[PDB]
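Residue numbers (the authors' numbering), protein chains in the order written: chain G, 2 to 11, 18 to 80, 86 to 344, 366 to 379; chain d, 4 to 351; chain a, 167 to 247; chain H, 51 to 149; chain L, 5 to 107.
For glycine and all other residues, C-beta sits at the position ideal for the given N, C-alpha and C.
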Amino acid sequence: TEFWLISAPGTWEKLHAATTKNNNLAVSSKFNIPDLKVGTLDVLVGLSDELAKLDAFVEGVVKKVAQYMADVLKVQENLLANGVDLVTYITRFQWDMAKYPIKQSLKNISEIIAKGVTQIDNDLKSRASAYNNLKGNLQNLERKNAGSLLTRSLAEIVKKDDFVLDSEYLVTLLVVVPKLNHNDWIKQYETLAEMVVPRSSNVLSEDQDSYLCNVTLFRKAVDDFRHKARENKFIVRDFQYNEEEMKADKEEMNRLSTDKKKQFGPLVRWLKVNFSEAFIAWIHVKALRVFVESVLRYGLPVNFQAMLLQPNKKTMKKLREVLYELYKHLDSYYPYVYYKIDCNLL
Amino acid sequence: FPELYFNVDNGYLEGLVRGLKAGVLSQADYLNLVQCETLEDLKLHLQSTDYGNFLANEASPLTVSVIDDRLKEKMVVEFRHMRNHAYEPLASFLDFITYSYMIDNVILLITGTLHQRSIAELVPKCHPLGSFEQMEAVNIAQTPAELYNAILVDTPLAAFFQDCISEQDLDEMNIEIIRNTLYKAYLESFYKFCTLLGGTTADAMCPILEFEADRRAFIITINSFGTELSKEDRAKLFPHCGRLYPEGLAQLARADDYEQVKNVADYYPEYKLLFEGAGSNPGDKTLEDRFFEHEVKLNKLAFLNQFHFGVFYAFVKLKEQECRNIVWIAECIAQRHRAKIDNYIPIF
Amino acid sequence: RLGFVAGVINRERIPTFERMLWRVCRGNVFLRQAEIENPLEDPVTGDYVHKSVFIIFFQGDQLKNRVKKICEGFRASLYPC
Amino acid sequence: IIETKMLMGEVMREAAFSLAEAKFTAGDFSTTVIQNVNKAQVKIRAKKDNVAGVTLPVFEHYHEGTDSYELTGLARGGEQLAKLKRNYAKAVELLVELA
Amino acid sequence: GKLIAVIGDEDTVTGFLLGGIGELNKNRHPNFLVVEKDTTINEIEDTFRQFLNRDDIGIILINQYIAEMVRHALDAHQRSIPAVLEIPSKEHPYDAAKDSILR
């Protein structure tokens with residue numbers, strides 16, 4: 002969705024309804040903004056460099072939070093205080109308590125919108141990135157439980173009868189042998205090193221390509237056997253009592269699944285109210301950009317005639333050409370006030 | 004039609020360089036290297052390969068700067084053996100591989116000249132493949148790069164110096180603009196030489212030389228953001244060789260942003276899915292670690308053809324990855340930082 | 167209060183300068199041109215141009231910063247008035 | 051002092067490993083970097099600070115920034131460099147506060 | 005002083021020259037020295053005198069593996085400027101500095 006907002010001052020407010028007579032172009036809504044504080048000539052044109060930067064900086068913040076909508080579960089449900097973007101564009105007005113008109117419009121009204129948008133930009137970059145870390149560790153949850161017997165954790169293949177306790181003179185090592193060299197390892201598991209148990213070869217779990225077995229040995233002959241296991245294409249992985257901490261990591265797979273869900277409703281309630289505040293902040297900054305450059309392009313007896321427009325699709329070449337003739341006799366880019374906004378979020 | 008010939012002159016050497024493919028380390032050879040805990044034990048696990056008894060004479064304190072220098076002196080004596088037995092359709096091709104190292108040594112030989120040095124940088128500080136032990140007038144040319152540039156035209160890099168006048172390298176151009184303008188003229192002359200040799204060596208090699216012109220189209224325009232070289236200065240650094248030539252190089256010379264080089268790689272579906280390095284994550288592969296997985300994917304595909312010259316260039320660029328992988332295993336072992344020890348490229 | 171600045175510019179861009187200077191300051195200026203006679207010459211900047219007088223008042227005292235970049239962009243030379 | 055001798059024990063471990071990442075990508079640049087030195091970028095000025103009337107010479111670093119290694123690599127590397135430059139300029143900012 | 009000098013190593017100085025500490029004025033000297041395996045201890049002592057008696061050298065960095073070769077030389081330096089810092093290297097982190105002996 003696109004949008005175009007153009008003011009055309011000098018009755019004069021009845022010629023804005025004549026643009027609604029061209030039914031193929033726009034509906035030409037009013038979208039009145041209240042009277043603001045004037046009284047500056049140097050600071051009026053000096054604010055035009057700051058208001059252009061504020062309109063572009065606040066546009067990228069709300070467009071970066073709309074990209075985060077795909078991570079919570086394309087979706088267009090971002091209402092602005094129980095109101096759609098099209099329903100707010102036909103009923104747009106000043107808040108007068110969040111953007112006060114008693115204060116100065118150039119400096120003070122913009123700084124209250126600037127400091128509010130900068131805090132919401134800070135709270136969206138600092139808080140939402142922390143929830144990506146618990147989801148980044150959740151990417152490593154299935155990564156520890158994927159692949160063959162070597163790449164997978166042993167949280168589900170554990171058994172108390174598969175290892176030798178009282179390890180003062182014994183040690184149980186989880187060895188992996190391929191399916192093609194299983195018979196070659198069965199005749200060589202006892203002859204890999206000295207003082208090896210020749211009958212403890214028990215395949216606990218097997219895969220499609222290899223088979224994981226247990227091999228008991230002494231405490232001193234664990235290193236020379238594993239060095240000979242690399243020559244005999246046998247994969248020996250270390251084992252310890254951290255499976256009870258991997259059972260705590262089996263609960264941490266459910267704790268991070270709980271930490272994702274407990275932070276889902278908290279962040280979706282945060283993105284629903286902050287993006288609606290920032291989209292109304294860019295809407296207030298566009299009207300500040302529309303209140304500016306209208307008292308300089310047109311005369312300032314008291315105040316210029318306020319007017320706005322509505323969106324259009326595929327007839328903008330005919331809409332700009334039909335407005336080119338009515339605006340070329342006004343003056344001596367476009368010949369009048371024009372600000373191209375993007376009604377779409379993505 | 005190139006198959007019933009090509010065993011006349013190049014039949015013994017092709018079977019030799021495919022015998023050196025069987026010595027390139029497999030995945031199971033790497034999985035025994037990552038279990039090593041000291042560089043003294045890496046000397047043991049490398050002896051079960053074909054590398055064996057190559058570090059048996061150095062020292063008992065085994066540092067990583069000896070393993071790196073002894074690995075790459077084994078690739079030189081395997082390349083120099085296949086060049087000294089080469090015949091002229093293949094010896095002209097094997098000299099085109101050494102021009103990527105003659106370019107990296109000529110530039111090293113003019114920095115000492117601009118800073119008034121001599122042959123003391125020549126012997127210890129140059130790559131042995133592109134080496135100047137003949138053309139002995141280079142070895143005594145102490146002249147400040149004007150009577151020395153008249154000696155570099157007595158060198159096989161003479162045909163590439165037709166875009167670098169001797170006044171340009173005399174402090175007029177940056178030392179990397181002299182590199183990549185020679186490397187632009189090197190790839191475009193090596194692509195034409197690999198097109199004259201037609202048949203199997205023009206369809207198993209020009210896909211490799213197209214990606215090499217698109218690596219240096221993407222990596223140059225990404226590293227040219229903060230520096231002071233204009234868009235017309237990097238448009239003459241793009242080699243006119245790759246897939247990106249009439250259209251991507253028109254957009255890459257106007258980029259000014261990393262997001263403007265990401266949506267010009269989206270037009271080419273081989274280069275998107277390679278632009279998913281995405282270094283905002285703490286631990287993952289970057290862009291050039293994903294361009295190295297594609298450099299060796301095209302290099303393994305050259306061994307699926309048989310009667311062609313591309314089996315020799317795809318061995319030098321896969322024995323160079325051996326000197327980058329085993330040193331990376333050795334540099335994560337000597338520092339005991341082996342959590343990123345799996346960030347190598349598993350070639351075979 | 168303030169708002170007077172005096173300079174000179176060539177006649178080959180005097181119509182192109184006043185068209186661009188109005189769009190940059192968003193109006194609020196009074197630029198009255200004044201043509202000249204047989205051409206003068208400067209050493210480095212302007213060679214053999216029949217120039218013209220130029221003054222941009224604009225009454226701003228911060229639009230001078232909007233008139234300092236536009237004066238050197240069209241190669242206009244100002245003087246203390 | 052002793053707290054920042056164990057702080058530079060891990061900063062110099064990360065910075066020396068970042069050089070190991072940069073030689074993995076871009077060849078060997080240990081002859082281009084050593085040869086191309088003309089002017090320095092990070093200098094120091096001696097400040098004075100006093101406790102109980104006895105002045106102590108202290109150092110404060112500053113950057114007169116023109117990069118002599120702005121183009122280094124640029125076709126191979128360049129992303130492992132300029133994060134090696136950050137991991138050693140951070141070490142110089144620490145080692146001047148130790149000095 | 006105003007410069008930072010490094011004796012270091014072959015891999016140490018090429019990391020610090022990328023930091024931006026090296027300056028070349030060929031009238032006097034360069035402000036570093038790459039120490040290889042085939043430099044004598046007599047060459048390390050000579051450049052260590054050059055960095056102490058120079059005016060703009062304010063901080064001296066040196067690896068502790070190299071500093072034990074000239075351990076008799078830097079203990080003779082008992083002045084306030086320049087600061088001789090001892091930095092780790094490959095497989096030679098830190099045992100005891102000359103500054104922590106002064107306690």
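### Query
Where do the ends of the alpha helix (DSSP H) carrying residue 95 (chain H) lie?
Locating residue 95 (chain H) in the fourth sequence gives position 45, counting from the first residue. Per DSSP, residue 95 (chain H) belongs to no alpha helix (DSSP H); it is in the beta strand (DSSP E), 92 to 101.
### Query
Across which residues does DSSP place residue 248 (chain G) in a beta bridge pair?
What you label residue 248 (chain G) is simply residue 236 of the first sequence in a count that begins at 1. Answer by DSSP bridge pairing, in chain order: G:187.
### Query
On the premise that residue 8 (chain G) lies in contact with residue 320 (chain G), defined as a C-beta separation below 8 Å, what is that separation, rounded to the nearest angstrom?
Here residue 320 (chain G) is taken as the residue at index 308 of the first sequence, counted from 1. Here residue 8 (chain G) is taken as the residue at index 7 of the first sequence, counted from 1. Sure, about 7 Å apart at Cβ, within 8 Å.
### Nearest neighbour of residue 83 (chain d), chosen from d:74, d:56 and d:97 [CA to CA]
The residue you call residue 83 (chain d) lines up with position 80 of the second sequence. The shortest C-alpha separation from residue 83 (chain d) is found at d:97.
### Task
Assign residue 45 (chain d) to one of two classes, buried (16 or more other C-beta atoms within 10 Å of its C-beta) or exposed (fewer than that).
Taking the first residue of the second sequence as position 1, residue 45 (chain d) is located at position 42. Answer is buried; the Cβ neighbour count reaches 16.
### Task
At 7 Å on the CB atoms, spell out the chain d contacts of residue 95 (chain L), in chain order.
In the fifth sequence, residue 95 (chain L) corresponds to position 91, counting from 1. In chain order: 337.
### Task
Check the Cβ of residue 204 (chain d) against every Cβ in chain L and list those closer than 7 Å, keeping chain order.
Position 201 of the second sequence, counting from 1, holds the residue named residue 204 (chain d). Ordered by position in chain L, no residue passes the 7 Å Cβ test against residue 204 (chain d), which lies about 40 Å from the chain.
### Query
Is there a Cβ from chain a that is less than 8 Å from the Cβ of residue 309 (chain G)?
Here residue 309 (chain G) refers to the residue found at position 297 when the first sequence is read from its first residue. Yes, residue 309 (chain G) counts as interfacial toward chain a.
### Task
For residue 103 (chain H), decide whether its Cβ has a neighbour in chain C, counting only Cβ atoms nearer than 8 Å.
Absent from the structure is chain C; the protein chains it does hold are G, d, a, H and L.
### Query
In terms of alpha-carbon separation, which member of d:213, d:319 and d:276 lies closest to residue 247 (chain d)?
Locating residue 247 (chain d) in the second sequence gives position 244, where the first residue counts as 1. Closest by alpha carbon: d:213.
### Message
On the DSSP letters alone, give me the boundaries of the alpha helix (DSSP H) that residue 75 (chain d) sits inside.
### Response
One-based indexing of the second sequence puts residue 75 (chain d) at position 72. Element bounds for residue 75 (chain d): 67 to 87.
### Message
8 Å is my cut-off, CB to CB: does residue 134 (chain H) come that close to chain d?
### Response
Looking up residue 134 (chain H) in the fourth sequence gives position 84. It does not; no Cβ of chain d falls within 8 Å.
### Task
Could you confirm whether any beta carbon from chain L is found closer than 8 Å to the beta carbon of residue 52 (chain d)?
Here residue 52 (chain d) corresponds to residue number 49 of the second sequence, with the count starting at 1. No, residue 52 (chain d) does not count as interfacial toward chain L.
### Message
Please state the DSSP three-state secondary structure of residue 373 (chain G).
### Response
The residue you call residue 373 (chain G) lines up with position 340 of the first sequence. Note: residue 373 (chain G) maps to strand in three-state DSSP.
### Query
Beta carbon of residue 64 (chain L), beta carbon of residue 87 (chain L): below 8 Å?
As a first step, residue 64 (chain L) must be located in the fifth sequence, where it is residue number 60. As a first step, residue 87 (chain L) must be located in the fifth sequence, where it is residue number 83. With a cutoff of 8 Å on beta-carbon distance, residue 64 (chain L) and residue 87 (chain L) are scored as near each other.
### Message
Taking a contact to mean a Cβ-Cβ separation below 8 Å, would you say residue 175 (chain a) touches residue 240 (chain a) in this structure?
### Response
As a working note, residue 175 (chain a) is residue 9 in the third sequence. As a working note, residue 240 (chain a) is residue 74 in the third sequence. Yes, Cβ-Cβ distance for residue 175 (chain a) and residue 240 (chain a) is below 8 Å.
### Task
Starting from residue 19 (chain G), trace the beta strand (DSSP E) both ways and give me its first and last residue.
Residue numbering aside, residue 19 (chain G) sits at position 12 when the first sequence is read from its first letter. Where residue 19 (chain G) is concerned, there is no enclosing beta strand (DSSP E), given that its DSSP letter is neither H nor E.
### Query
What do you get for residue 50 (chain G), buried or exposed, if any count of 16 or more other CB atoms within 10 angstroms of its CB means buried?
Position 43 of the first sequence, counted from the start, is the residue given in the question as residue 50 (chain G). Per the 10 Å Cβ criterion, exposed.
### For residue 336 (chain d), the nearest candidate out of d:19, d:39 and d:13 (CA to CA)
The count along the second sequence starts at 1 and reaches residue 336 (chain d) at position 333. Answer by Cα proximity: d:39.
#### Entry: residue 116 (chain H) beta carbon less than 8 Å from that of residue 82 (chain H)
In the fourth sequence, the residue the question calls residue 82 (chain H) occupies position 32. In the fourth sequence, the residue the question calls residue 116 (chain H) occupies position 66. Going by C-beta atoms, residue 82 (chain H) is not nearer than 8 Å to residue 116 (chain H).
### Message
Just to make sure I have the definition right: I need the residues of chain d whose C-beta is within less than 8 Å of the C-beta of residue 143 (chain H). Which are they?
### Response
Here the question's residue 143 (chain H) lines up with position 93 in the fourth sequence. Under the 8 Å cutoff, chain d gives no residues; its nearest Cβ is about 20 Å from residue 143 (chain H).
### Contact with chain L by residue 100 (chain H), beta-carbon distance below 8 Å
Looking up residue 100 (chain H) in the fourth sequence gives position 50. Not one chain L Cβ lies under 8 Å of residue 100 (chain H).
### Query
For the stretch 58 to 92 of chain d, which residues have a beta carbon sitting closer than 8 Å to at least one beta carbon of chain L?
Closer than 8 Å at the C-beta level to chain L, one finds these residues of the stretch 58 to 92 of chain d: 66, 67 and 68.
### Query
What in chain H is Cβ-close to residue 118 (chain d), meaning under 8 Å?
Translated into the one-based positions of the second sequence, residue 118 (chain d) becomes position 115. The answer, in chain order, is 85.
### Query
Taking Cβ positions, are residue 176 (chain G) and residue 182 (chain G) nearer each other than 8 Å?
Mapped onto the first sequence, residue 176 (chain G) falls at position 164. Mapped onto the first sequence, residue 182 (chain G) falls at position 170. Residue 182 (chain G) is positioned such that its CB atom lies closer than 8 Å to that of residue 176 (chain G).
### Message
I'd like to confirm the pairing. Which residues does DSSP put opposite residue 173 (chain a) in its beta bridges?
### Response
Along the third sequence, one-based indexing puts residue 173 (chain a) at 7. Answer by DSSP bridge pairing, in chain order: a:220 and a:244.
### Query
When you check each C-beta in the stretch 52 to 67 of chain H against every C-beta of chain L, which residues fall closer than 8 Å?
Listed by position along the chain: 52, 55, 58, 59, 62, 63, 65 and 66.
### Message
To the nearest angstrom, how far is the alpha carbon of residue 190 (chain a) from that of residue 268 (chain G)?
### Response
Position 24 of the third sequence, counted from the start, is the residue given in the question as residue 190 (chain a). Position 256 of the first sequence, counted from the start, is the residue given in the question as residue 268 (chain G). Taking the straight line from one Cα to the other gives about 57 Å.
### Query
Using a C-beta cutoff of 8 Å, does residue 125 (chain H) count as contacting chain d?
Here residue 125 (chain H) refers to the residue found at position 75 of the fourth sequence. Yes, because at least one Cβ of chain d sits closer than 8 Å to the Cβ of residue 125 (chain H).
### Query
Of all the alpha helix (DSSP H) runs that stay within the bounds of the stretch 62 to 89 of chain L, which reach a length of 4 or more residues?
68 to 71 and 75 to 78
### Query
Just reading off the beta strand (DSSP E) that residue 225 (chain G) is part of, what are its end residues?
Here residue 225 (chain G) refers to the residue found at position 213 of the first sequence. Note, residue 225 (chain G): beta strand (DSSP E), 222 to 229.
#### Entry: Residues within the stretch 167 to 184 of chain d neighbouring chain H, beta-carbon criterion of under 9 Å
177, 178, 179, 180, 182 and 183
### Message
Less than 8 Å between CB atoms is the rule here; does residue 91 (chain H) satisfy it with respect to chain L?
### Response
Counting from 1 along the fourth sequence, the entry for residue 91 (chain H) is found at position 41. With 8 Å as the cut-off, residue 91 (chain H) counts as an interface residue toward chain L.
#### Entry: Beta-carbon neighbours of residue 193 (chain a), restricted to chain G and to distances below 7 Å
Here residue 193 (chain a) is taken as the residue at index 27 of the third sequence, counted from 1. Those are 308 and 309, listed as they occur along chain G.
### Task
Write down every uninterrupted run of the alpha helix (DSSP H) in the stretch 247 to 277 of chain G whose length is 4 residues or greater and which is fully enclosed by it, in chain order.
Within the stretch 247 to 277 of chain G, the complete alpha helix (DSSP H) runs of at least 4 residues are 255 to 274.
### Query
Looking at the C-beta of residue 109 (chain H), does it have a partner C-beta in chain L at a distance below 8 Å?
Translated into positions along the fourth sequence, residue 109 (chain H) becomes position 59. Residue 109 (chain H) counts as touching chain L.
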